[PDB]
Every structure is written in C-alpha cells, then in structure tokens.
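Chemist: A single structure is presented below for examination.
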Amino acid sequence: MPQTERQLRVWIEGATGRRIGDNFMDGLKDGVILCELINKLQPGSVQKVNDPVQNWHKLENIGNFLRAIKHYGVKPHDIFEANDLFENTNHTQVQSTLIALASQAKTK
C-alpha cells in the first residue's frame with residue numbers, strides 16, 4: 001500500500017496548489033482540487049468546475065470527478081459515491097479511492 005491518507009494530501013494538493021485549508025474529508029466535499037486533479041490525469045474531466053459557493057455546485061464537481069474516475073480505470077468498489085462524500089457518510093471509502101487512483105496515474 002502507498003499510504004493511507006497522509007500521502008493523499010501532499011500528493012493531490014501539490015498538483016493543484018490548494019493545501020486543503022480545512023477538514024481533509026470535508027474539503028473534498030466541496031469538490032475543487034480533486035476535480036482539478038483529475039483534469040491532469042484524464043483530459044477534460046472537470047474543466048467546467050463550478051465554485052462551491054452554493055450547494056448544488058459541489059454535487060456537480062463530485063459527480064463529474066467520480067464518473068470520470070470510475071470509467072477512467074479505478075473500480076467503483078474502490079471509489080466513494082457522490083452521496084458518500086457529500087453526506088460525509090463514508091470516510092474510509094473516500095480516502096481509499098485516492099489510493100487506487102494513484103496506481104492509475106503512475107502507470108499513465
């Protein structure tokens with residue numbers, strides 16, 4: 001295993017720039033850095049990323065990011081669902097997703 005969650009931060013945070021200035025899990029809920037991150041690996045994944053000012057905006061960024069990664073290569077079983085992250089129900093599932101995404105990015 002690459003790590004668990006510590007590496008997840010330094011990894012993606014570096015890609016975009018934002019150092020998740022808040023909760024690690026909650027920060028992902030709004031969906032911004034992750035969406036910006038995938039665009040790096042998979043072209044045009046979430047280019048039209050909406051600012052998480054409102055509420056439905058987050059749902060959009062999360063949906064595009066997950067749908068893109070699920071098909072991109074990462075298995076759904078190893079991917080948090082839009083509702084899980086948004087509702088913040090699944091915590092381990094959220095981090096586990098990034099772990100799998102790492103293997104894909106590395107191969108590419």
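Just so we're on the same page: first chain in the structure tokens is A, next is B, and so on; residues restart at 1 for each chain, and ligands are numbered from 1 in the order they show up.
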So that I can check the secondary structure, give me every residue of stretch 12-45 of chain A assigned alpha helix (DSSP H) by backbone DSSP, as a PyMOL selection string.
Modeler: chain A and resi 12-16+24-30+33-41
Chemist: Save the residues we just selected, C-alpha atoms, as a short mmCIF file (atom, residue, chain, number, x, y, z; two decimals), in the first residue's frame?
Modeler:
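So selection34.cif came out as:
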data_model
loop_
_atom_site.label_atom_id
_atom_site.label_comp_id
_atom_site.auth_asym_id
_atom_site.auth_seq_id
_atom_site.Cartn_x
_atom_site.Cartn_y
_atom_site.Cartn_z
CA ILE A 12 -3.02 15.97 -4.89
CA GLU A 13 -2.55 19.27 -3.01
CA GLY A 14 0.70 19.73 -4.91
CA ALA A 15 -1.00 19.07 -8.25
CA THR A 16 -3.47 21.95 -7.95
CA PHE A 24 -9.38 16.67 4.83
CA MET A 25 -12.68 14.90 4.10
CA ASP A 26 -14.93 17.97 4.19
CA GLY A 27 -12.54 19.80 1.89
CA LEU A 28 -13.18 17.16 -0.76
CA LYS A 29 -16.94 17.52 -0.28
CA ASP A 30 -16.99 20.94 -1.96
CA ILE A 33 -8.92 20.39 -6.02
CA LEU A 34 -9.90 16.80 -6.81
CA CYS A 35 -11.75 17.91 -9.93
CA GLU A 36 -8.71 19.99 -10.86
CA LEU A 37 -6.51 16.99 -10.08
CA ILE A 38 -8.25 14.53 -12.40
CA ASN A 39 -8.06 17.04 -15.26
CA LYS A 40 -4.32 16.40 -15.03
CA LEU A 41 -4.60 12.63 -15.36
#
Chemist: Name all residues at most 9 Å from residue A:85 (count only C-alpha atoms; drop same-chain ones fewer than 3 positions away) and give them as a list in words.
Modeler: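 Residues near the query, excluding close chain neighbours: residues 25, 26, 28, 29, 62, 80, 81, 82, 88, 89, 90, 91, 93 and 94 of chain A.
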Chemist: Write out as a ChimeraX atom specification which residues come within 12 Å of residue A:3 when counting only C-alpha atoms, dropping same-chain ones fewer than 6 positions away.
Modeler: /A:9-11,95-96,98-100,102-103
Chemist: Tell me which protein, DNA and RNA residues are within 10 Å of residue A:42, counting only C-alpha atoms, leaving out same-chain ones fewer than 3 positions away, and put them as number ranges by chain.
Modeler: A: 37-39, 45-46, 65, 68-69, 72, 105, 108
Chemist: For a test of reading the model, state the distance in Å between atom CA of residue A:8 and atom CA of residue A:92, rounded to one decimal.
Modeler: 12.4 Å
Chemist: Ranking A:5, A:47, A:73, A:79 by minimum distance to residue A:107 and counting only C-alpha atoms, which one comes first?
Modeler: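 Under the stated criterion, the closest residue is A:73.
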